[PDB]
Amino acid sequence: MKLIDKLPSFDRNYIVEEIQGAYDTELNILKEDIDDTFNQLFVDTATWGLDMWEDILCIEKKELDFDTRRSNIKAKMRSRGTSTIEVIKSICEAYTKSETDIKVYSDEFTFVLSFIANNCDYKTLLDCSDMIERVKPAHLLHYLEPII
Amino acid sequence: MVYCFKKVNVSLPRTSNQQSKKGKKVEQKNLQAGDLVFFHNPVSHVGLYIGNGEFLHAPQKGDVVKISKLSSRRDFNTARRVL
Amino acid sequence: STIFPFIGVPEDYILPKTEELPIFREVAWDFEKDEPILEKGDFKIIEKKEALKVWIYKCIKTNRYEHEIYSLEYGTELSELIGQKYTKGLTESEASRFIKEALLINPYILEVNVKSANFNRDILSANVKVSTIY
Amino acid sequence: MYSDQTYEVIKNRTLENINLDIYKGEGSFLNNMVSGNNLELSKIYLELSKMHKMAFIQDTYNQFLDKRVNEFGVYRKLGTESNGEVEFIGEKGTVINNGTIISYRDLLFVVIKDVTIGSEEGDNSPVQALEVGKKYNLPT
Amino acid sequence: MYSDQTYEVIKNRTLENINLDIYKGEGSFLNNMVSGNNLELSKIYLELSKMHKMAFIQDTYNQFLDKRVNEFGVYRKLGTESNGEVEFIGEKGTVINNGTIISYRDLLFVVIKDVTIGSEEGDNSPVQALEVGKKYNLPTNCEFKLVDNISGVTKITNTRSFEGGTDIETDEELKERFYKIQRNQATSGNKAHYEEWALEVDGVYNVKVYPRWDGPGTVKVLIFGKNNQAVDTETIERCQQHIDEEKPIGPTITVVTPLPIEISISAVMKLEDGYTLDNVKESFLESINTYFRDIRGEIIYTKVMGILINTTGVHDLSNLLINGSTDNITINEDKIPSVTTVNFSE
Amino acid sequence: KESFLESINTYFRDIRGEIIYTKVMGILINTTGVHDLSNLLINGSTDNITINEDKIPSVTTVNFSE
């Protein structure tokens with residue numbers, strides 16, 4: 001009903017109509033596939049292209065949910081480079097999906113993260129805590145303070 | 001100064017004699033912080049002018065990097081700016 | 001070992017023998033209902049002048065610059081004459097020129113003549129003679 | 001090469017691939033059937049060319065650039081409206097409450113603090129721009 | 001999805017989508033036309049696959065690795081210039097100005113010092129290559145020709161080989177380095193940073209880091225010598241000063257050394273073709289040291305048997321004795337096993 | 001058991017000639033989860049098993065006792 005409009009008006013017989021409709025459907029499928037492939041480029045949108053980031057970030061693990069893999073990718077790509085108070089707190093925000101406030105006690109050499117764990121699983125929070133442990137300074141002490 | 005200006009993406013000739021041939025000419029009264037000062041006709045050592053009549057350089061073998069007063073160098077020849 | 005001092009490769013300098021045009025063949029068409037014709041559960045292929053009739057019919061029926069798929073030389077301009085946009089003599093001359101120039105692009109067609117032309121009521125009639133290699 | 005791939009080249013190659021005895025030329029049945037979707041493929045090749053350009057970070061336009069930087073965590077900085085102080089001169093006792101809007105040229109500003117003309121605390125009250133921008137930094 | 005759509009599948013789908021009484025099959029009008037179109041149709045899917053592969057720099061040197069590593073901060077290296085010194089033989093009183101240019105065949109070099117022949121400073125002046133590349137790593141005793149003629153000079157040569165010339169960093173090395181850096185987790189002050197700062201130092205082959213060993217603000221650095229041996233006091237001192245230079249301001253670093261355990265190992269083994277007892281011994285040494293650093297508790301006879309048997313070059317083992325017995329040897333606190341002797345019989 | 005069957009299947013694929021007992025206990029100890037092992041017996045004995053021509057060993061019964 002779209003490809004047939006490119007032909008002269010004597011081509012309106014049913015044979016030509018069927019032949020052109022087949023290629024109409026084929027072109028629709030191809031455009032949908034191209035759009036899906038483009039969507040697969042970005043981290044947030046990608047579902048079946050998620051694994052191909054693992055080859056570039058050396059994640060080398062299996063997970064069942066797409067969201068968890070996306071979050072690990074975001075963590076690996078955030079924790080690189082600088083490791084300061086605000087950026088670490090923002091990484092913890094990204095994991096816990098809520099705002100996090102870090103209170104530091106220089107005399108006690110201990111920092112505490114205060115945040116919201118309404119939508120954050122305790123096991124996910126523990127994974128975030130372990131990653132923060134391996135990014136945080138060794139001498140400093142960490143405590144998790146989820147405020148539901 | 002090769003190292004210092006490479007740290008700010010400024011490539012300079014390895015030898016100070018050629019370094020004299022780079023950049024706009026600078027006068028002694030128009031000397032500002034960051035300028036390069038050359039004194040003897042052979043530039044055995046070039047200084048980095050930091051203003052206030054002082055400049056940083058490596059004097060020679062047996063000496064160490066320190067801050068020198070410009071007036072104590074009667075042999076001033078020319079100056080260049082590359083920043 | 002030996003250098004080749006010409007542009008390209010020895011393969012590009014082999015010239016295929018020039019021969020007569022291959023026999024003109026085309027899918028059969030039904031003018032009364034404007035449909036291709038099926039025979040024994042497949043398309044029916046005709047030869048020589050019948051195929052030329054199909055091609056001429058299709059060429060005359062289309063407009064020159066309307067469709068993107070075609071080049072600037074395919075089709076006719078007979079739609080510009082509808083409604084008496086020109087005087088009768090100018091319309092006759094232009095119709096003859098349009099038909100000749102439209103049909104002559106086919107290498108299988110040698111010459112075209114538009115001979116008789118009569119205005120009766122709102123109808124314009126003409127006779128066209130086409131000479132081919134067959 | 002995507003630029004080299006054009007409607008004419010695609011059509012010519014497709015016609016050459018087909019192994020039929022019939023005549024293949026402009027105005028033929030087979031040519032008419034094949035043409036129409038090759039033009040669409042030539043259309044598609046240009047979008048395919050543009051996709052890899054809009055994928056990267058160096059040239060990501062506006063929205064996809066925002067998505068990529070938000071992946072990196074960097075957020076675009078929005079402006080902050082200007083702050084200033086004006087004086088009100090008139091009859092003693094006139095009361096100018098908060099939320100009152102003053103205007104210079106076509107720019108609009110809001111009075112922050114309640115101020116009374118001729119009062120002891122003064123006739124000067126804070127002024128805040130209603131919209132962000134460097135154009136609101138009015139001179140004296 | 002692009003891989004899912006293949007030539008045969010799309011051809012069949014197109015053929016089935018036509019609901020007409022005509023015939024579809026080998027040597028048919030519709031079949032031939034459909035196949036001729038579907039070839040060009042599937043070309044696009046193949047190109048889409050290749051495009052996706054290039055985008056995520058999987059293989060075959062896709063030109064997008066440079067932009068991705070620029071995204072990730074990695075930079076290629078153009079190499080460093082070769083450096084050296086040459087001797088000026090000529091008339092006394094002739095001065096060679098700083099910046100005088102000379103050449104070695106196609107290569108070219110510049111003089112770095114104002115040198116005068118016959119002087120009390122000698123006739124030697126440092127010389128640096130104008131361009132990067134390992135080709136400028138000159139050998140010794142080379143004759144240098146001056147591009148610009150200066151009177152008083154006769155011969156210019158170097159007493160020893162030029163060094164330092166290096167080529168631009170090739171792309172494979174760039175990819176490998178990017179992969180290794182991505183495997184590493186380098187963050188401000190973390191345990192991995194302590195490990196890295198410790199391994200940079202000589203005399204340290206293994207690093208273990210103990211946070212908050214003496215309460216908050218205390219880091220215990222456990223370093224190991226070659227073959228998991230004790231680290232000497234001077235080496236401990238240099239490691240301590242290096243970490244102190246690289247430790248954050250406020251923490252306190254304490255370093256201790258392990259104490260060895262002497263173990264006698266002996267076995268009868270059969271070697272595969274093309275290997276010798278020395279190779280087996282050295283590979284066993286490395287593997288047993290690796291097993292030593294990770295172990296806690298007691299050394300295990302059967303783990304040792306497995307590690308020895310997995311060693312490349314050993315087709316069989318028999319008569320394996322750890323300290324003259326086939327029993328587990330308990331490792332106590334502040335004690336680490338240390339290989340002492342390797343008695344192997346073929 | 002599953003990891004050991006996988007490893008021993010790969011081994012039996014790659015081994016020419018007679019079977020090797022020490023490789024067997026090596027591939028058994030490397031199998032994840034094995035802290036120690038003793039009394040490893042193949043077909044009622046610890047000896048090497050010779051494989052005749054046109055013959056490929058297959059795992060039939062695995063009796064593991066903790």
# chains A, B, ... in the order shown; residues from 1 in each chain; ligands from 1
$ select_by_dssp --residues "chain F" --states "helix (DSSP H, G or I)" --output "list in words"
residues 2, 3, 4, 5, 6, 7, 8, 9, 10, 11, 12, 13, 14, 21, 22, 23, 24, 25, 26, 27, 28, 29 and 30 of chain F
$ residues_around --residues "segment 63-77 of chain B" --least-positions-apart "2" --cutoff "7 Å" --atoms "only C-alpha atoms" --output "number ranges by chain"
B: 38-40, 53-61
$ write_last_selection --atoms "N, CA, C and O atoms" --output "short mmCIF file (atom, residue, chain, number, x, y, z; two decimals), in the first residue's frame"
data_model
loop_
_atom_site.label_atom_id
_atom_site.label_comp_id
_atom_site.auth_asym_id
_atom_site.auth_seq_id
_atom_site.Cartn_x
_atom_site.Cartn_y
_atom_site.Cartn_z
N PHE B 38 67.81 34.42 27.78
CA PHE B 38 69.08 33.93 27.25
C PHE B 38 70.11 35.04 27.40
O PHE B 38 69.83 36.20 27.08
N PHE B 39 71.29 34.68 27.90
CA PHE B 39 72.31 35.67 28.21
C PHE B 39 73.56 35.58 27.34
O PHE B 39 73.76 36.43 26.47
N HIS B 40 74.39 34.56 27.51
CA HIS B 40 75.62 34.54 26.71
C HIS B 40 75.31 34.34 25.24
O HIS B 40 74.25 33.82 24.86
N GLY B 53 62.23 40.04 39.00
CA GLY B 53 63.67 39.98 38.85
C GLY B 53 64.29 38.65 39.21
O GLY B 53 65.49 38.60 39.49
N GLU B 54 63.50 37.58 39.22
CA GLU B 54 63.99 36.25 39.52
C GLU B 54 63.58 35.29 38.42
O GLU B 54 62.61 35.52 37.69
N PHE B 55 64.35 34.21 38.30
CA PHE B 55 64.10 33.21 37.26
C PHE B 55 64.72 31.89 37.68
O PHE B 55 65.69 31.86 38.45
N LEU B 56 64.15 30.80 37.17
CA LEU B 56 64.57 29.45 37.52
C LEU B 56 65.34 28.83 36.37
O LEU B 56 65.02 29.06 35.20
N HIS B 57 66.35 28.03 36.71
CA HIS B 57 67.24 27.45 35.72
C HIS B 57 68.07 26.36 36.38
O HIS B 57 68.05 26.19 37.60
N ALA B 58 68.79 25.62 35.54
CA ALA B 58 69.84 24.72 36.01
C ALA B 58 71.18 25.35 35.68
O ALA B 58 71.54 25.45 34.50
N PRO B 59 71.95 25.79 36.68
CA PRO B 59 73.13 26.62 36.39
C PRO B 59 74.19 25.91 35.56
O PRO B 59 74.50 26.35 34.44
N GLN B 60 74.73 24.80 36.07
CA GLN B 60 75.78 24.05 35.38
C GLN B 60 76.09 22.76 36.12
O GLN B 60 75.48 22.48 37.16
N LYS B 61 77.03 21.98 35.61
CA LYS B 61 77.46 20.77 36.30
C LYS B 61 78.08 21.14 37.65
O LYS B 61 78.90 22.05 37.74
#
$ select_by_dssp --residues "segment 53-131 of chain A" --states "strand (DSSP E or B)" --output "PyMOL selection string"
chain A and resi 101-105+110-115
$ atom_distance --atom1 "atom CA of residue 325 of chain E" --atom2 "atom CA of residue 20 of chain F"
23.6 Å
$ atom_distance --atom1 "atom CA of residue 2 of chain C" --atom2 "atom CA of residue 14 of chain C"
19.3 Å
$ residues_around --residues "segment 9-25 of chain B" --least-positions-apart "5" --cutoff "10 Å" --atoms "only C-alpha atoms" --output "number ranges by chain"
B: 1-4, 30, 36-38, 41-47, 77-83; E: 97-100, 110-114, 128, 130
$ closest_atom_pairs --of "chain E" --to "chain F" --cutoff "9 Å" --atoms "only C-alpha atoms" --output "CSV"
residue,atom,partner,partner_atom,distance
E:300,CA,F:36,CA,7.8
E:301,CA,F:36,CA,8.5
E:302,CA,F:36,CA,6.2
E:303,CA,F:29,CA,6.9
E:305,CA,F:26,CA,7.2
E:306,CA,F:26,CA,4.5
E:307,CA,F:26,CA,7.7
E:308,CA,F:26,CA,8.6
E:309,CA,F:26,CA,6.1
E:310,CA,F:26,CA,6.7
E:315,CA,F:23,CA,7.8
E:316,CA,F:22,CA,6.0
E:317,CA,F:22,CA,6.5
E:318,CA,F:22,CA,8.1
$ write_last_selection --atoms "C-alpha atoms" --output "PDB file, in the first residue's frame"
ATOM      1  CA  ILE E 300      48.301 -30.872  51.714  1.00  0.00           C
ATOM      2  CA  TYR E 301      50.019 -33.863  50.135  1.00  0.00           C
ATOM      3  CA  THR E 302      47.367 -34.413  47.449  1.00  0.00           C
ATOM      4  CA  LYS E 303      47.173 -30.759  46.390  1.00  0.00           C
ATOM      5  CA  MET E 305      50.528 -34.150  43.964  1.00  0.00           C
ATOM      6  CA  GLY E 306      47.950 -32.496  41.716  1.00  0.00           C
ATOM      7  CA  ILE E 307      50.017 -29.351  41.171  1.00  0.00           C
ATOM      8  CA  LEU E 308      53.101 -31.433  40.380  1.00  0.00           C
ATOM      9  CA  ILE E 309      51.201 -33.719  38.015  1.00  0.00           C
ATOM     10  CA  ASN E 310      49.578 -30.766  36.212  1.00  0.00           C
ATOM     11  CA  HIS E 315      53.829 -37.572  32.098  1.00  0.00           C
ATOM     12  CA  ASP E 316      53.755 -39.504  35.385  1.00  0.00           C
ATOM     13  CA  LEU E 317      54.715 -39.260  39.038  1.00  0.00           C
ATOM     14  CA  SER E 318      55.503 -41.876  41.663  1.00  0.00           C
TER      15      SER E 318
END
$ atom_distance --atom1 "atom CA of residue 298 of chain E" --atom2 "atom CA of residue 258 of chain E"
16.0 Å
$ residues_around --residues "residue 34 of chain D" --least-positions-apart "3" --cutoff "9 Å" --atoms "only C-alpha atoms" --output "number ranges by chain"
D: 11, 14-15, 29-31, 37-38; E: 33, 37
$ residues_around --residues "residue 44 of chain F" --least-positions-apart "5" --cutoff "12 Å" --atoms "only C-alpha atoms" --output "PyMOL selection string"
chain F and resi 39+49+61-63
$ write_last_selection --atoms "N, CA, C and O atoms" --output "short mmCIF file (atom, residue, chain, number, x, y, z; two decimals), in the first residue's frame"
data_model
loop_
_atom_site.label_atom_id
_atom_site.label_comp_id
_atom_site.auth_asym_id
_atom_site.auth_seq_id
_atom_site.Cartn_x
_atom_site.Cartn_y
_atom_site.Cartn_z
N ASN F 39 42.30 -43.40 48.09
CA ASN F 39 41.73 -44.68 47.65
C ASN F 39 41.07 -44.55 46.28
O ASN F 39 39.94 -45.00 46.06
N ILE F 49 45.47 -48.78 32.62
CA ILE F 49 44.59 -49.59 31.78
C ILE F 49 45.02 -49.43 30.33
O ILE F 49 45.07 -48.30 29.81
N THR F 61 30.46 -46.04 35.81
CA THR F 61 30.01 -45.94 37.19
C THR F 61 31.03 -45.16 38.00
O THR F 61 32.23 -45.43 37.92
N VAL F 62 30.56 -44.19 38.78
CA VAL F 62 31.40 -43.37 39.64
C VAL F 62 30.86 -43.47 41.06
O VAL F 62 29.76 -42.98 41.35
N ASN F 63 31.63 -44.10 41.95
CA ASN F 63 31.23 -44.31 43.34
C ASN F 63 32.09 -43.41 44.22
O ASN F 63 33.22 -43.77 44.58
#
$ interface_residues --of "chain D" --to "chain A" --cutoff "7 Å" --atoms "only C-alpha atoms" --output "NGL selection string"
:D and (36 or 71-72)
$ write_last_selection --atoms "N, CA and C atoms" --output "PDB file, in the first residue's frame"
ATOM      1  N   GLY D  36      11.860   0.237  -7.220  1.00  0.00           N
ATOM      2  CA  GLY D  36      10.914   0.630  -6.199  1.00  0.00           C
ATOM      3  C   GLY D  36      11.374   0.279  -4.801  1.00  0.00           C
ATOM      4  N   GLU D  71      25.586   8.232  31.433  1.00  0.00           N
ATOM      5  CA  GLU D  71      26.261   6.961  31.668  1.00  0.00           C
ATOM      6  C   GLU D  71      27.583   7.185  32.388  1.00  0.00           C
ATOM      7  N   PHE D  72      28.351   8.187  31.956  1.00  0.00           N
ATOM      8  CA  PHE D  72      29.565   8.546  32.688  1.00  0.00           C
ATOM      9  C   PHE D  72      29.284   9.302  33.980  1.00  0.00           C
TER      10      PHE D  72
END
$ residues_around --residues "residue 165 of chain E" --least-positions-apart "5" --cutoff "10 Å" --atoms "only C-alpha atoms" --output "JSON, numbers by chain"
{"E": [79, 80, 81, 82, 83, 128, 129, 131, 132, 133, 134, 135, 136, 137, 138]}
$ residues_around --residues "residue 47 of chain E" --least-positions-apart "4" --cutoff "12 Å" --atoms "only C-alpha atoms" --output "PyMOL selection string"
(chain A and resi 34+37) or (chain D and resi 1-2+45+48-49) or (chain E and resi 2-3+40-43+51-54)
$ interface_residues --of "chain D" --to "chain E" --cutoff "7 Å" --atoms "only C-alpha atoms" --output "number ranges by chain"
D: 14, 17-19
$ closest_residue --among "A:103, A:123, A:76, A:97" --to "chain E" --atoms "only C-alpha atoms"
A:76
$ closest_atom_pairs --of "chain C" --to "chain A" --cutoff "9 Å" --atoms "only C-alpha atoms" --output "tab-separated table"
residue	atom	partner	partner_atom	distance
C:33	CA	A:13	CA	8.8
C:34	CA	A:10	CA	6.2
C:35	CA	A:13	CA	5.9
C:36	CA	A:15	CA	8.0
C:58	CA	A:10	CA	8.3
C:61	CA	A:10	CA	8.0
C:62	CA	A:8	CA	6.3
C:63	CA	A:8	CA	8.2
C:66	CA	A:8	CA	8.9
C:67	CA	A:6	CA	6.5
C:68	CA	A:6	CA	7.4
C:69	CA	A:6	CA	7.4
$ write_last_selection --atoms "C-alpha atoms" --output "PDB file, in the first residue's frame"
ATOM      1  CA  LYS C  33      -8.355  -5.544 -18.441  1.00  0.00           C
ATOM      2  CA  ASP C  34      -4.791  -4.230 -17.834  1.00  0.00           C
ATOM      3  CA  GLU C  35      -3.332  -7.439 -16.398  1.00  0.00           C
ATOM      4  CA  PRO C  36      -0.485  -9.834 -17.158  1.00  0.00           C
ATOM      5  CA  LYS C  58       3.257   0.868 -21.437  1.00  0.00           C
ATOM      6  CA  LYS C  61       0.496   5.276 -20.945  1.00  0.00           C
ATOM      7  CA  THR C  62       2.966   6.862 -18.490  1.00  0.00           C
ATOM      8  CA  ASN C  63       3.712  10.512 -17.736  1.00  0.00           C
ATOM      9  CA  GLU C  66       5.824  12.057 -12.493  1.00  0.00           C
ATOM     10  CA  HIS C  67       7.708   9.035 -11.117  1.00  0.00           C
ATOM     11  CA  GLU C  68      11.028   8.984  -9.275  1.00  0.00           C
ATOM     12  CA  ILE C  69      12.021   5.497 -10.447  1.00  0.00           C
TER      13      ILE C  69
END
$ closest_residue --among "A:109, A:66, A:95, A:48" --to "chain E" --atoms "only C-alpha atoms"
A:109
$ interface_residues --of "chain C" --to "chain E" --cutoff "12 Å" --atoms "only C-alpha atoms" --output "list in words"
residues 27, 37, 38, 39, 40, 41, 42, 43, 44 and 45 of chain C
$ write_last_selection --atoms "C-alpha atoms" --output "compact mmCIF listing (two decimals), in the first residue's frame"
# COMPACT_ATOMS: atom_id res chain seq x y z
CA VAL C 27 5.68 -10.96 -20.54
CA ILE C 37 -1.57 -13.14 -18.68
CA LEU C 38 -0.98 -16.49 -16.97
CA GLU C 39 -0.65 -19.73 -18.93
CA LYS C 40 -0.51 -23.24 -17.42
CA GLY C 41 0.16 -21.76 -13.99
CA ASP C 42 2.97 -19.44 -15.06
CA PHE C 43 3.67 -16.21 -16.91
CA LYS C 44 3.35 -16.35 -20.69
CA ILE C 45 6.25 -14.99 -22.77
$ interface_residues --of "chain D" --to "chain C" --cutoff "7 Å" --atoms "only C-alpha atoms" --output "PDB file with N, CA, C and O atoms, in the first residue's frame"
ATOM      1  N   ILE D  22      14.151 -12.861 -20.688  1.00  0.00           N
ATOM      2  CA  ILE D  22      13.389 -11.714 -21.171  1.00  0.00           C
ATOM      3  C   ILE D  22      14.242 -10.454 -21.195  1.00  0.00           C
ATOM      4  O   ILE D  22      15.354 -10.427 -20.657  1.00  0.00           O
ATOM      5  N   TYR D  23      13.720  -9.405 -21.826  1.00  0.00           N
ATOM      6  CA  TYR D  23      14.454  -8.161 -22.012  1.00  0.00           C
ATOM      7  C   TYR D  23      14.404  -7.322 -20.743  1.00  0.00           C
ATOM      8  O   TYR D  23      13.331  -7.098 -20.176  1.00  0.00           O
ATOM      9  N   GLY D  27      11.199   0.461 -18.731  1.00  0.00           N
ATOM     10  CA  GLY D  27       9.864   0.236 -19.234  1.00  0.00           C
ATOM     11  C   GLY D  27       9.432  -1.209 -19.331  1.00  0.00           C
ATOM     12  O   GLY D  27       8.336  -1.472 -19.837  1.00  0.00           O
ATOM     13  N   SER D  28      10.244  -2.151 -18.863  1.00  0.00           N
ATOM     14  CA  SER D  28       9.906  -3.564 -18.925  1.00  0.00           C
ATOM     15  C   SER D  28       9.215  -4.010 -17.640  1.00  0.00           C
ATOM     16  O   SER D  28       9.249  -3.331 -16.614  1.00  0.00           O
ATOM     17  N   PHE D  29       8.587  -5.185 -17.706  1.00  0.00           N
ATOM     18  CA  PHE D  29       7.890  -5.721 -16.543  1.00  0.00           C
ATOM     19  C   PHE D  29       8.862  -6.039 -15.414  1.00  0.00           C
ATOM     20  O   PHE D  29       8.644  -5.642 -14.264  1.00  0.00           O
ATOM     21  N   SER D  35      12.500  -2.350  -9.609  1.00  0.00           N
ATOM     22  CA  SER D  35      12.621  -0.969  -9.167  1.00  0.00           C
ATOM     23  C   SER D  35      11.523  -0.625  -8.172  1.00  0.00           C
ATOM     24  O   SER D  35      10.394  -1.113  -8.261  1.00  0.00           O
ATOM     25  N   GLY D  36      11.860   0.237  -7.220  1.00  0.00           N
ATOM     26  CA  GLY D  36      10.914   0.630  -6.199  1.00  0.00           C
ATOM     27  C   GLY D  36      11.374   0.279  -4.801  1.00  0.00           C
ATOM     28  O   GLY D  36      11.225   1.084  -3.879  1.00  0.00           O
TER      29      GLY D  36
END
$ closest_residue --among "E:210, E:197, E:144, E:275" --to "chain A" --atoms "only C-alpha atoms"
E:210
